[PDB]
Ligand SMILES: NC(=O)[C@H]1CCCN(C(=O)Cc2cc(F)c(F)cc2Br)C1
Ligand SMILES: [Zn+2]
């Protein structure tokens, strides 16, 4: 679990969005596993606007942060789960690092701010949904 809070927006994995997220929906994209909802309180986070390919992510299944080298956002095949059919997920970045079910929502950050959130994983890989291209989160 986990979310990004920026301005009057909350960014979560679409497959973990709550009834309240959907009742306050701003934007969602199943192909990216992202959903953004509106908030009344001002958020704690800032978003990176960069092309970094190294950073640090939070891994809830180890209660620890790990450094990672990650690929640029791209279209990657993701196997079927109880949440989605087998499909290509867009704007996804892969890295070698631990992850297991329950780790979605952990934040990935570089020196410039928040880069994205854990969205996929398996066999010593971890995948992150990028948020750096969502320029409207800042206004
Ligand atoms: N973005 C998606 O389609 C997600 C939806 C939830 C399920 N998805 C996962 O990848 C879960 C997962 C499985 C593992 F074996 C692992 F090591 C780490 C994770 Br996270 C795809
Ligand atoms: Zn950066």
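We number chain A the way Swiss-Prot does; in order, the residues shown are 869-1007.
Heads up, the Cβ atoms here are built off N, Cα and C, so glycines get one too.
What Swiss-Prot says about this one:
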type	residues	note
ACT_SITE	883	active site, for protease 2A activity
ACT_SITE	901	active site, for protease 2A activity
BINDING	918, 920, 978, 980	Zn(2+) 1 binding site
ACT_SITE	972	active site, for protease 2A activity
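The 6 Å Cβ screen around ligand 1 retains 901, 972 from the recorded positions 901, 918, 972, ordered by sequence position. DSSP assigns residue 978 (Zn(2+) 1 binding site) to a strand. Non-local contacts of residue 980 (Zn(2+) 1 binding site) by the CB criterion (under 8 A, 6+ apart in sequence, same chain) comprise 916, 917, 918, 920. Per Cα geometry, 901 is the residue among the recorded positions 901, 972, 978 nearest to residue 883 (active site, for protease 2A activity). Spatially close to residue 972 (active site, for protease 2A activity) yet at least six residues away along the chain are 869, 870, 881, 883, 884, 985, 986, 987, judged by Cβ distances under 8 angstroms.
Proximity of residue 978 (Zn(2+) 1 binding site) to non-local residues of its own chain (separation of 6 or more, Cβ distance below 8 Å) is seen for 916, 918, 920, 922, 923, 924, given in sequence order. The 6 Å Cβ screen around ligand 2 retains 920, 978, 980 from the recorded positions 901, 920, 972, 978, 980, ordered by sequence position. Every protein chain shown contributes to the tally, and the Cβ of residue 920 (Zn(2+) 1 binding site) ends up with 15 other Cβ atoms within 10 Å. Taking the mean position of the Cβ atoms of 918, 920, 978, 980 as the Zn(2+) 1 site, the remaining residues of that chain whose Cβ falls within 8 Å of it are 916, 919, 923, 979, 981, 983, 1000. Sequence-distant neighbours of residue 901 (active site, for protease 2A activity): residues of the same chain at least 6 apart with a C-beta under 8 Å from its C-beta are 881, 882, 883, 952, 957, 987, 988, 997. In the three-state DSSP reading, residue 920 (Zn(2+) 1 binding site) counts as coil.
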